[PDB]
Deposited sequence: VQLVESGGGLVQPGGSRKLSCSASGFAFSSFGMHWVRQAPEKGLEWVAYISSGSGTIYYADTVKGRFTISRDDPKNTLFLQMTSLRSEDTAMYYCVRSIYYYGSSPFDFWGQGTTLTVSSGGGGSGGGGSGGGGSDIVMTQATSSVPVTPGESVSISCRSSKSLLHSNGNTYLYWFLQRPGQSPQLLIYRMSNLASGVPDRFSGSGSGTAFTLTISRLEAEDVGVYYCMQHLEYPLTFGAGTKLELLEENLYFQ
């Protein structure tokens, strides 16, 4: 599975730029796609969403009316047409696949990202940094302004890990399930508006920033992020 972004670069304020996301190694037309950006030395921010079959399209309020997201299923290319670019849009833009059915794992794969430079449920991660030592158990807390527990029994809370220099990776989806390829030492526990990510027997690879995201409703919002340092 691969997601390669291109088209980023230094642009003038008020200009336009076209970002492309080429997908290989999976059935592109079956997955909904999101654009998520990350401002330098800042957390993740969701930009747009286009569903499988292009029938449903969502935008963030800060970009609605200026950004247009589209896909070319035969060419397996995802597009993001941007207009009236502001200095607030300077970020690394990630291409994220997400498929939705009973038991699926949305946001499972992220792209490497492309850098752009320009010349609502509240998710809270109060603890910005946590000093840790290898082999010791670590807990990370997340809070939400609204209850993420739906009447169908799902709690739409996601956990991501962004190692330094790497794209975010899914750890826990829907607040308890462990993503494929993730060691069992990670465990997600929560209730209502309070959630905890427990990392037993911390290792060197686990060092990074951890983000909690809600998928209860659009716009999707991320927490500030908790950094783990040795």
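Going by the record, the unmodelled stretches of the deposited sequence, in order, are 120-135, 247-254.
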